[PDB]
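Listed below are the residues making up each chain.
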Amino acid sequence: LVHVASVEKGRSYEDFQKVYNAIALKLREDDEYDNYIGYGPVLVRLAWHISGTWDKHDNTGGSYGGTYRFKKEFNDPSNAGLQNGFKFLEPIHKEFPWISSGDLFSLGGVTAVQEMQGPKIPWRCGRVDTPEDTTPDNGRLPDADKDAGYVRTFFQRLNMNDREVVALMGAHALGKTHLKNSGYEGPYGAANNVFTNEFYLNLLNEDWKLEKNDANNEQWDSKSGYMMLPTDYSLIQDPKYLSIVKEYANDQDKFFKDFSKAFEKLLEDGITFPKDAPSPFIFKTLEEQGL
Ligand code: HEM
Ligand SMILES: [Cl-]
């Protein structure tokens, strides 16, 4: 299975900046979503979910084909709640119908991060929509009621090492859990929508209490009102993970650099970029364009 990246016919950087801008402006506008959290978080999650289906063994799944658009993927239980990000993007696609789905779903995540004050994430276009037959079966996304070994093992399917995993998990500083979606609840709410190394600090500084929730699942609850899933908590239980955690808790810059690299990698897994492909683009935020 090879997936070669094919630039949307005749588009350039400028073309893509526009899609970005549209997503950005819309994020700014629809600030009421989820109790005023905005769509930032959910978009980040969607980008990760259409990408985390990848299997480095046979090259199946991954962001390339925009298969989330099909029923099977779309109705994946692990995807509960993503439907809101999709609906957010809909009108956007309608405006720029030439962009492929995989490119749009992924760009939304990049836009989200950057507009949430995260680091710049270089991005490459060229994902091509593939047929319904290429939709991976459900079951490839990770479970949350596990530990460090599970996490480690899981992520290896995606080619990510310890550092990548930890860097990537720091996205958990964002948004919140919704009982109806996953069987988890909180935080008690706050929720944040600014991208910082807060996840790490919370993990190291709070006094976590293990509790069972209304859905009968365990979660770590803090007095201050925060929450952490078992997989999240596991980062402090594993010796190797813990020191990285500590490192990020101490240096937001390091965190940002590493997150950027891992996120792009995650979004590019399984794709083959021809030699003549354009380099990755770094989009300007609204603010940088005075918009
Ligand atoms: C072991 C790995 C992971 C597990 C099991 C997992 C699980 C979860 C769960 C259960 C939710 C809450 C769903 C809800 O009820 O709406 C969630 C929230 C979300 N996750 Fe993850 N996640 C992990 C990795 C990721 C990574 C790698 C990212 C992206 C880099 C991500 C970003 C998010 C974001 C931004 C939210 C907040 C969504 C919102 O506010 O609607 N998580 N994650
Ligand atoms: Cl997630």
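Residues numbered from 1 in each chain as written, not as in the entry; some residues may be left out. Chains lettered and ligands numbered in written order. Heavy atoms only, no water. Residues with missing side-chain atoms left out of burial classes, pairs and counts.

Structure determination for this PDB entry was carried out by X-ray crystallography, with a resolution of 2 Å recorded in the header.

The name the PDB entry gives the chain is CYTOCHROME C PEROXIDASE, with Saccharomyces cerevisiae as the organism. We quote the UniProt Function comment for the chain here in full: "Destroys radicals which are normally produced within the cells and which are toxic to biological systems." (UniProt positions renumbered as here; feature names shortened; annotations may be inferred.)

## Observations regarding the packing of aromatic side chains
Tallied over the full model, the rule gives 30 aromatic pairs. One aromatic cluster in this structure is built from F195, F199, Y200, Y248, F255, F256, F259 and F263. Of note, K146 hangs over the ring of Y150, and the distance from its end group to the ring centre comes to 5.5 Å. Directly above the aromatic system of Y241 lies the positively charged group of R152, at a separation of 4.3 Å from the ring centroid. (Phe/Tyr/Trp six-rings, centres within 6.5 Å; stacked < 30°, edge-to-face > 60°. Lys NZ or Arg CZ within 6 Å of the ring centre and 35° of its normal.)

## Focus on the site of ligand 1
Around ligand 1, the surrounding shell holds 19 residues, and the nearest of these are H172, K176, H178, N181 and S182. Contact distances for ligand 1 include 2.6 Å between a nitrogen atom and a side-chain N or O atom of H172. One of the side-chain nitrogen or oxygen atoms of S182 is found 2.5 Å away from an oxygen atom of ligand 1. Of all the elements in the fold, those that place two or more residues in the shell around ligand 1 are α3 (40–51), α8 (162–169) and α9 (179–182). Of the residues assigned to the shell around ligand 1, the class counts are ten nonpolar, six polar and three charged. Split by domain, the shell around ligand 1 shows at least three residues from each of two domains, domain 1 (1–141 + 263–291) and domain 2 (142–262). (Near = heavy atom within 4 Å. Polar contact = N/O pair within 3.5 Å; in protein donor to acceptor, adjacent residues only side chain to side chain. Helix = DSSP H or I, 4+ residues; strand = E, 2+ residues; numbered from the N terminus. Nonpolar A, V, L, I, M, F, W, Y, C, P; charged D, E, K, R; others polar. Domains from an automatic or database assignment.)

## Quick word on the nonpolar core
Across soluble globular proteins, you tend to see nonpolar side chains buried next to one another. Formed by 72 residues in total, the largest nonpolar core has its most connected members in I23, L89, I92, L107, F155, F259 and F263. Counting residues domain by domain, this core receives three or more from each of domain 1 (1–141 + 263–291) and domain 2 (142–262). Leave out the neighbours within four places in its chain, and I92 touches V19, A22, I23, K26 and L104. (Core = buried A, V, L, I, M, F, W, Y, C linked by side-chain atoms within 4.5 Å. Buried < 20%, exposed > 50% of the residue type's maximum accessible area, 1.4 Å probe, protein only. Contact = heavy atoms within 4.5 Å.)

## Focus on the sheet that holds strand β3 (residues 227–228)
Strands sit in the order β1-β2-β3 across an open sheet of three strands; the sheet is antiparallel. Strand pairing shows two members of the sheet lacking a second neighbour, β1 (208–212) and β3, which therefore form its edges. As paired elements, β1 and strand β2 (residues 218–222) share five bridges and run antiparallel to each other. Its bridge partner being in β2, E211 is matched across the sheet by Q219. Its contacts with the sheet place helix α11 (residues 230–237) against β1, β2 and β3, and it is angled at close to 70 degrees to β2. (Pairing = 2+ DSSP bridges. Axes fitted to C-alpha atoms, helices over the stretch in contact; angles between N-to-C directions.)

## Looking at the coordination of the iron atom of ligand 1
Among protein residues, the single donor to the iron atom of ligand 1 is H172 (NE2), with a metal-donor distance of 2.1 Å. Relative to the helices and strands, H172 is located in the loop between α8 and α9. (Donors = N, O, S within 2.8 Å, 3.2 Å for Na, K, Ca; no water.)

## With respect to the environment of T67
Along the chain, the position of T67 falls in the loop between α3 and α4 (71–74). Taking relative accessible area as the criterion, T67 reaches 5% and is therefore assigned buried. C-alpha of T67 to C-alpha of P131: the two residues are 64 residues apart in sequence and 7.6 Å apart in space. Not counting residues up to four positions away in its chain, the partners in contact with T67 are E73, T130, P131, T134, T135 and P136.

## Quick notes on helix α5 (residues 83–95)
Three- or four-residue spacings in an α-helix give side chains the same orientation, since the helix completes a turn every 3.6 residues. Over its 13 residues, α5 extends 19 Å from the first C-alpha to the last, a length consistent with the 18 Å expected when each residue adds 1.5 Å. Of all bends in α5, the biggest is about 30 degrees, found at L89, and the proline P91 comes one to four residues later. (Expected span 1.5 Å × (residues − 1). Bend = angle between axes of the 7 residues up to and from the residue.)

## Observations regarding the domain arrangement of the chain
How big an interface is tends to be stated in terms of the accessible area lost upon association of its parts. Partitioning the chain into structural domains gives domain 1 (1–141 + 263–291) and domain 2 (142–262). Contact residues are listed per partner, giving 27 residues for domain 1 and 27 residues for domain 2. Residue assignment for the side of domain 1 that touches domain 2 shows that the elements contributing at least two residues are α2 (33–36), α3 and α13 (252–268). Ranked by residue count, the leading element in the side of domain 1 that touches domain 2 is α13, at four residues. For the side of domain 1 that touches domain 2, the residue count by class is 14 nonpolar, five polar and eight charged.

## A word on the packing of helix α10 (residues 198–205) against α11
Between two packed helices, both the angle of their axes relative to each other and the distance between the axes serve to describe the pair. Look at α10 against α11: their axes get within 10 Å of each other, and the N-to-C directions meet at 70 degrees. Comparing their axes, α11 and α10 come out roughly perpendicular. Our pair here, α10 against α11, has a crossing hand that is right-handed. In contact with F199, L203 and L204 of α10, α11 contributes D232, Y233, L235 and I236. For the contact of α10 with α11, the class distribution of residues is six nonpolar, no polar and one charged. (Parallel < 35°, antiparallel > 145°, perpendicular 65-115°, else oblique. Left-handed = near helix turned anticlockwise from the far one by under 90°.)

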